[PDB]
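S.K.: Take these chains first, placed just as they are in the complex:
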Amino acid sequence: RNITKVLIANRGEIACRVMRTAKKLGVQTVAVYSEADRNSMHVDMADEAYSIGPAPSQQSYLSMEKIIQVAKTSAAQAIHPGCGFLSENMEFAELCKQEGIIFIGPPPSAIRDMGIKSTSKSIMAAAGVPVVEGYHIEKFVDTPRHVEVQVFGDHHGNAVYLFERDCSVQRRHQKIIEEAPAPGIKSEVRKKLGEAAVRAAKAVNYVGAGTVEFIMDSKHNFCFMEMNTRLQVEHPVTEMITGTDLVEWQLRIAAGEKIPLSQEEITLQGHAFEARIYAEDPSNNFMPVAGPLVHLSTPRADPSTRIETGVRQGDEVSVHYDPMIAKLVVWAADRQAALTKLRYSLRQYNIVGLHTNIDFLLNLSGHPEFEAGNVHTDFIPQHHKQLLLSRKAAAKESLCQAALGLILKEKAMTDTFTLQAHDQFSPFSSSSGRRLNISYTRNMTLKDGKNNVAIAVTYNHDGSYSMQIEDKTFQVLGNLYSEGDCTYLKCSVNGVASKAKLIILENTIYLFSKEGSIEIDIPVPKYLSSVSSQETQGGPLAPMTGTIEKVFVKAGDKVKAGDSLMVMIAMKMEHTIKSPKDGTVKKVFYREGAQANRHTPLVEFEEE
């Protein structure tokens, strides 16, 4: 069946991923979008794009009728579901078949047979794959470790495997770092591991990519857990170690062609790692965070370094969709070298505007047990104390660099003003800070954490700066240069030279260097701060848009700080609102079952 036009029934990075390969093959691409995704990267990337309705996925990306209607209207011969949404929906895959549209994935029978745990285990046990597990009175025989096999099938029924991936490093089951191949598994053991899975794949004559998830013990005995009837999120680590494009194979096999390479042809070189980037706050129990990507600098990409990004600077993460920002994958000759490359690369990644898991991934990828390959499903719970750590006071050299950056920003502003003046060469336009027969010393104040740091900066005739912090003096000289769109600060402190990325947003100075990142706060004059800002806040504002599940306060009720007022469920996450003050409650703005928008007043308190 000639696939010349494909509809991508998904959004974000996976839609861009599929479109890349479709365009590389000369296949025309159709995007779908919600009202919230109208300006998304996958819409601009497609050859055609169609609106499927409002921002909630139940009314857009999960609306089978709208997706089929767009596939008909665009004359797309095939639908690529990507991952999540309709990719594991049996009714949607059968509807595509009824409508004469090629579903690029497994048959509706394989989706249904794998969607029910008891059914899937019974099929896997009958296929030879082990079916042991701990179930409710529930105590898992083998709780630790997670190892999965990429398997590929065809309409013909021929089946192949692609080694294995370690996904043991998970937080609340959510996979965080994936690696391929899984460390410490012998080529012989993995070959046997895949072959038992391959027989099951032939048994269901699975067509398209499938993944057999195994639980592996400390002795490398493995048992079947489940089969994900889709492309996995972490498929890039497999692609990096095999040199295959799994989406390209999905399109070819959905068109009816046989598997491109024999098992003998497949060869393994090197090791690869993947670390998903998540709009989460690790310090606040990995709460998801929504907000703008005010800065989104990225590491330069090379064949080893792949940035799977569906978002661009200025994009806003949405409460409706998944919080992932990007996925970073690397390939290297050795696993240790790959770990080193990922950590250097992570430092180059910069995200300002919302909290992310990047610093958590840096701590995790540098943990001694992770470096050793001693991974299991409880790794994050077990090493929670080390993986999460507090801020430490900055060094005086960092403060000197921050002051130099502020001074250079002022100099740049002066040059910008000079550009538009008729007098372009007046000595007054210089930033020398020069005086007659004396030297100018500037008293600057910077805040590091809660500490105010006083810096005495002296403008030298030669153009350097002498900075004194407490009893120590530093000789500082540097300049600003631009690489791409990022301003870089090149400075030398007491003869030590270094380079860092400088961003000054609001009253915070951001310095990004391969050593680390430091934030310094510029004190805000009181006058500029609004004097007498409005007081008497009206109750904690809803953490997010969610249904009100419980109300504990009547119209007039005396409450003390810490008295629960309301309970709200948002995206299946319970939050309890607590009393800010000991004041009696004047009124309540919401009742039980009401949906309250983010940051909307919940309770009114009597003025005291």
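M.R.: Yep, it's here. Numbers count the residues shown, from 1 in each chain, chains lettered A, B, ... in the order given.

S.K.: can you give me the strands in the stretch 251-400 of chain A?
M.R.: Shown for the stretch 251-400 of chain A, the strands assigned by DSSP state E, counting those that start in this stretch span residues A:271-278, A:280-281, A:287-288, A:295-297, A:306-309, A:324-332, A:350-352.

S.K.: a markdown table for the ones you listed, including mean neighbour count and distance to residue A:550?
M.R.: Where C-beta positions appear, they are placed from N, C-alpha and C, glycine not excepted. Shown next, in a markdown table, are those (neighbours: other Cβ atoms under 10 Å; distance: least, Cβ to Cβ, whole Å):
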| stretch | mean neighbour count | distance to residue A:550 |
| --- | --- | --- |
| strand A:271-278 | 24 | 29 |
| strand A:280-281 | 20 | 25 |
| strand A:287-288 | 17 | 20 |
| strand A:295-297 | 17 | 39 |
| strand A:306-309 | 19 | 40 |
| strand A:324-332 | 23 | 31 |
| strand A:350-352 | 19 | 35 |
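
S.K.: Make TSV from the ones you listed and add distance to residue A:90 to it.
M.R.: Conversion of the strands of the stretch 251-400 of chain A to TSV gives the following (distance: least, Cβ to Cβ, whole Å):
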stretch	distance to residue A:90
strand A:271-278	27
strand A:280-281	32
strand A:287-288	29
strand A:295-297	37
strand A:306-309	28
strand A:324-332	26
strand A:350-352	38
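
S.K.: Of these, which is nearest residue A:62?
M.R.: Go through those one by one with Cβ to Cβ and the one that ends up closest to residue A:62 is strand A:324-332, at 18.2 Å.

S.K.: CA atoms of that closest one as CSV?
M.R.: Coordinates of each C-alpha in strand A:324-332 appear next as CSV, following Å, rounded to 0.1, in the frame of the first residue of the first chain:
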residue,chain,number,x,y,z
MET,A,324,8.1,16.7,29.8
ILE,A,325,10.3,19.5,28.2
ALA,A,326,12.8,17.4,26.2
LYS,A,327,14.7,14.0,26.2
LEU,A,328,18.6,13.9,26.0
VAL,A,329,20.3,10.8,24.5
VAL,A,330,24.0,10.1,23.9
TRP,A,331,26.0,7.3,22.3
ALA,A,332,29.6,6.4,23.2
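
S.K.: now for chain B:
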Amino acid sequence: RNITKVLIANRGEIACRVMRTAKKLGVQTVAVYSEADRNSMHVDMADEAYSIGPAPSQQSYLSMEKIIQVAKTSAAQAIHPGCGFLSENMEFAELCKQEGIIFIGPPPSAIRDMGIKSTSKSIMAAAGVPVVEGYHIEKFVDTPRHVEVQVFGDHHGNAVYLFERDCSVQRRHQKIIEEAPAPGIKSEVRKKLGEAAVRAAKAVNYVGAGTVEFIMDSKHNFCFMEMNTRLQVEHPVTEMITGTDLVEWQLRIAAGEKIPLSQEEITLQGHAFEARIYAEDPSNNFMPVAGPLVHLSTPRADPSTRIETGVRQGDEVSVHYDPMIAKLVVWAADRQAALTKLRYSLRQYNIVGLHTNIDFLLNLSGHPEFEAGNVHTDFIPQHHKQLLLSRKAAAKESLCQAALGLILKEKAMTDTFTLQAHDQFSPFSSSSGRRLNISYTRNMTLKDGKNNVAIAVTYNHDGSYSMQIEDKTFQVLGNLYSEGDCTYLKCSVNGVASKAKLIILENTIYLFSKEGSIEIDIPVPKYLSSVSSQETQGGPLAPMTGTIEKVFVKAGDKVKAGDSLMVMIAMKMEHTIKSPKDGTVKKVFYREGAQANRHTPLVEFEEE
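M.R.: Adding chain B to the chains above:
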């Protein structure tokens, strides 16, 4: 023999092609040029360039004496003849040898022995290659099909073949689409096909590239037709399937080195296609057209996509030289995928200023029998009904996009004017079209073919546009962005988003999208049109510069519309001038045997 400097005794794409490889090898390059080619791409590309006289090729590129004189003056050790001109001239190849200059091609004996059909057939029959043919009482035993083999020989006499190419798709013998390998020929059959040709190549000890042209029947029996004693035009499809550079091999073998790879070393991967871009009007019986390349946008080039272009935007096609504009070749894993890639690529190619065969190539490459590989030499005559088709009325969405493009062009002009004004931020400089307490509705008229379309455009406050055509309303919003040197229009009509290349030349709006290309005409106000433009045209103007072969009208003769007045031959193509009016002939400006320049008055008619 050390070839450190080569003269290229040719022009256009083939001169650039040879110079590319010569420069890649560190060989110095000498161009020759006519007065008409002084600013041609191959002149600017060479390390040295020499004038060889006036525009007619008989007095320039065919002047053996001038080419030899330049080779001596530039101290070029070798001459590369390319294809056409002196490449198959035996006297020129012998003259190069007499003058101690290396002719990069076959020996003068092989050129002469292949230049006479009876001689070439007798040699081929004696070499085992089959001699059958239909000749005058002429009825070809096998008229259909044209399969040819790339063969390479050396001074040593070793000979190799490079699979085969299908050139069956030809119009008036002129090859139009070529493919390699030829579809439906088995690897075993082609191996035998090449081996019989190889024995003939050894028999004439042919040195340099040669092509054995075969006629193949529906049973895959093949018979020798002729041997072209040169590099073929369509050699790039062979290079794309073998990974060889045939010009590089020609230079090495002309220097005296042995063939680089053994027959065992040669391997075949994938399939490739080549389409020739011709300055022709398919709707007017494929008449050649001369004129400026006002726009010459091209598809981006990748290793699979090769643009063999000797012309650049603003170049003028010449009546003296060949009308080819460029050749497009693609390589793919499968032949069907290659056909898809070529068609997508052809849409990206844009040519404005003269008629081309590109839309004919798009229809041909999408014909069901061509997709099946059911090709033969009569394919174009047999399918002429479908391959050529009429214009169809445009959709209302296309008209909306054209109106949006016109409005955005006006906005860009407004911004350009604003740039030079002292009031850079006045609200008047906006293109909002805003009114107080009412909405501005603009009545625009556009011409699609012969139909005038009335569009009522309403300027909305948000910046969008509401366009009404007949009884249908469309919500239109978009903007202009630049990629390279091409302006692109990004628009959304009724929620449907699309991208297209926008060009507004004279009174025509050109919209190029992967769906297709649409031209919309902006009506020309009568006042601007010169009122009372001069009437009484003096006879049809010569279609081109050509000799007058016949005159049918005396100084005073009464003629009726359709009465032939004169017959003119131009580049061996007969045109008969016909009487425009029933008026009696006042005078004749030319007599028989005179050469009449293009667009010069031929007959004077009495004023009535």
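
S.K.: got the residues of the stretch 1-150 of chain A near chain B?
M.R.: Taking Cβ under 8 Å from any Cβ of the partner chain as the test, the list of the stretch 1-150 of chain A residues beside chain B reads A:2, A:4, A:25-28, A:43-44, A:47-51.

S.K.: So which of those residues are in strands?
M.R.: Using DSSP state E, the members of these that fall within strands are A:28, A:48-51.

S.K.: how far away is residue A:139 from chain B?
M.R.: Going from residue A:139 to chain B by Cβ to the nearest Cβ, to the nearest Å gives 52 Å.

S.K.: same question but for residue A:343, I mixed them up
M.R.: Noted for residue A:343: a distance of 34 Å to chain B, by Cβ to the nearest Cβ.

S.K.: Next: residue A:333.
M.R.: Summarising the geometry, the distance separating residue A:333 from chain B, computed by Cβ to the nearest Cβ, is 26 Å.

S.K.: count of neighbours near that residue?
M.R.: Using other Cβ atoms under 10 Å in any protein chain shown, the number of residues around residue A:333 comes to 11.

S.K.: For the residue lying closest to it once chain neighbours are set aside, give me its contacts.
M.R.: Beyond its immediate neighbours in the sequence, the residue positioned closest to residue A:333 (Cβ to Cβ, 6 or more residues apart in numbering or on different chains) is residue A:270, lying 5.5 Å away. With contacts taken as Cβ atoms under 8 Å, 6 or more residues apart in numbering or on different chains, residue A:270 has the following neighbours: A:240-241, A:331-334, A:338.

S.K.: Which residues of chain A lie near chain B?
M.R.: A:2, A:4, A:25-28, A:43-44, A:47-51.

S.K.: Tabulate those residues (CSV), appending neighbour count and distance to residue B:132.
M.R.: Compiled in CSV, the residues of chain A next to chain B are given as follows (neighbours: other Cβ atoms under 10 Å in any protein chain shown; distance: Cβ to Cβ, whole Å):
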residue, neighbour count, distance to residue B:132
A:2, 13, 39
A:4, 16, 42
A:25, 21, 43
A:26, 19, 41
A:27, 25, 45
A:28, 22, 47
A:43, 20, 61
A:44, 14, 60
A:47, 22, 51
A:48, 24, 54
A:49, 26, 59
A:50, 21, 59
A:51, 20, 65
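
S.K.: Here is chain C, add it in:
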Amino acid sequence: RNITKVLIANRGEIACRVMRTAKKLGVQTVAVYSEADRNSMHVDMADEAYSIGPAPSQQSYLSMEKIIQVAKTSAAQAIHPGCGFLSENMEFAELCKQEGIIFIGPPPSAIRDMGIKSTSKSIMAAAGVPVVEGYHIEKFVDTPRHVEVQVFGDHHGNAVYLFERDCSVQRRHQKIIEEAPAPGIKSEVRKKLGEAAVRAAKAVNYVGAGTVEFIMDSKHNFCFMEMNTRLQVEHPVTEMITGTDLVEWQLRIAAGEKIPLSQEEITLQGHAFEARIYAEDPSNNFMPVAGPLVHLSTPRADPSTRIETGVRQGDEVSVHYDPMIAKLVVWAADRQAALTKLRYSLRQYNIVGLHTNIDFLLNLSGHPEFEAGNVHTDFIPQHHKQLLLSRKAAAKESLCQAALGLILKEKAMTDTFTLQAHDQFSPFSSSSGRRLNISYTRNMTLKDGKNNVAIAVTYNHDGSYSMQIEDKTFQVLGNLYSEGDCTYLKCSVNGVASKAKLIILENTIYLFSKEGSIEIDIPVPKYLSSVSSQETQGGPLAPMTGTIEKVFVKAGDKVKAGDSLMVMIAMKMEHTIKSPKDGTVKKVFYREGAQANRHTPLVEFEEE
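M.R.: Next up, chain C placed on what we already have:
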């Protein structure tokens, strides 16, 4: 041992070379610098950089204590010594080991055992490698052909070789052109040659790269000369023929990993050449020259063409450090093709501001005996007659091109002035040189060598120029275009078109074309030349900063021109100052043992 941070205990190109590979592997890089190197390319290239004191290498790059202190302060786990300085210092390698820092090189024992000729010969003779030599009463059998083998060892003791390199083309033992493989040595002979060296490498269990230097006779008998216990300067020719990175192997092996590829895996393809760009004057007996790199244009780099440059335009060569400017290496399918590519590339290299050996390398690489591969250690002395040649008078076409370049520079200046004027379209701003009813003829004078050339330039209406030199007239037309940062002149003289790089510095016009380079001097008006410039120069100025070893003149002494006044040693090179005039000596500014700075007056002569 995990090497995540490396200190590079070197400067210039080799520091940049090591940092390239370290950064490619994700290893952090620490530079060291002297006060003179504060702005050097390797300082800006490193992730961290530290000052090691003043410009003299004895107080900076040879200060073991400072290098170890920086390695400790930066927390570098390893030191890469590069080549020269501390790379062959046994005490430094032992000090690194005592301090727990990985020395990236051979063990201190191997450095010491190879540093003494008698010890090294005794070890080599015991290892089977031949010991024969001519020693003092010192004489040899025949002129040597220098052939050396790249050998690599590991801590395990496994040893491998990498074919061989010809370094026979040397001036005063200084290697000038190196090639790999060495021409005329059979693969079998080289295999045996390497194997005898490999046994010695195993005998000292050498770890890291080593080179066994052999003397080879005209019969290809070879004898051990010495073993350089470091990376060789000319290692890039080996890398180009093997496809290996020897610095990458040095880092891996210093970390403790086994050799990456087996001897069976290693394969040889093509041939490669390396020429060293020296700041030397070949015409003045290859005296080293210090000064600014005012222009440093370079050939474009491709995988075959590697520019190993540690200097950038505007960099100043230093008296303290080595005079090398850059090293040029090429790889080709054949040795003859590689020689052609290097010569074309050398012409593209442009160096203005100091004398270089580039024209000497062009003459050498084009010498018939060098083209034949008839090289030996006396090649430069034997052929000194041809390799060094005088300037030849320029052709009239070159003078025409120079005049055209001057005129176009004036036109560019006129356009620059016009840019800032309110009247931007006045006809006066044109450079037509037009007159009413007559033609403007300009009398220009240019100096070629010692000859003044009078050129009569006539400004034609069409924009061309008619230039008459003596009795010959030339029709000249051209324009200026910019490629990158280099201005190019495109001109046509009497119908002959050519391109050249144009630079006009001070009063000299530099024209660079693949044919050659020509300098034309613009006469300096007398008035602008300072009239009555100060006379009575006070003795020859010190050729460079050096100790005064001898003084031959008392406070009042009568001397005649050519009477030696003082002897000075600079960087171990004796210069004798001679009397400029027959005047009696008024005074002496220096005594014996004093250090005299460059260009400082040495003797005062009585006014006459």
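
S.K.: ok chain C is in now, so what about the neighbour count of residue A:333?
M.R.: When neighbours are defined as other Cβ under 10 Å, residue A:333 has 16 of them.

S.K.: Next one: it relative to residue C:24, how far apart?
M.R.: Plainly put, residue A:333 is 11 Å away from residue C:24 if you go by Cβ to Cβ, to the nearest Å.

S.K.: Get me the contact residues on the stretch 501-608 of chain A for chain C.
M.R.: Taking Cβ under 8 Å from any Cβ as the contact definition, the stretch 501-608 of chain A meets chain C at residue A:514.

S.K.: in the stretch 501-608 of chain A, what residue is nearest chain B?
M.R.: residue A:597 (23.6 Å; Cβ to the nearest Cβ).

S.K.: and that residue, how far is that from chain C?
M.R.: 46 Å.

S.K.: Thought residue A:543 was touching that residue, still the case?
M.R.: No - under the contact definition of Cβ atoms under 8 Å, residue A:597 does not touch residue A:543, with a separation of 11.7 Å.

S.K.: Please identify which of these two sits among more neighbours.
M.R.: The residue with the greater number of neighbours, taking residue A:597 and residue A:543 and applying other Cβ under 10 Å, is residue A:543; the counts read 15 against 10.

S.K.: Okay, and the beta partners of the closest residue to that one other than its chain neighbours?
M.R.: Spatial nearest neighbour of residue A:543, excluding adjacent residues (Cβ to Cβ, 6+ apart): residue A:575 at 4.6 Å. Taking DSSP bridges, one finds residue A:568 as the beta-bridge partners of residue A:575.

S.K.: Quick check: which element contains residue A:224?
M.R.: Using DSSP states H and E, residue A:224 falls within strand A:222-228.

S.K.: What of residue A:170?
M.R.: Per DSSP H and E, the secondary structure element for residue A:170 is strand A:165-171.

S.K.: and for that strand, what are the contacting residues?
M.R.: For strand A:165-171, the external contacting residues (Cβ under 8 Å, 6+ apart) are A:144-150, A:175-183, A:232, A:234, A:237-238, A:286, A:364, A:370, A:375-377, A:379-380.
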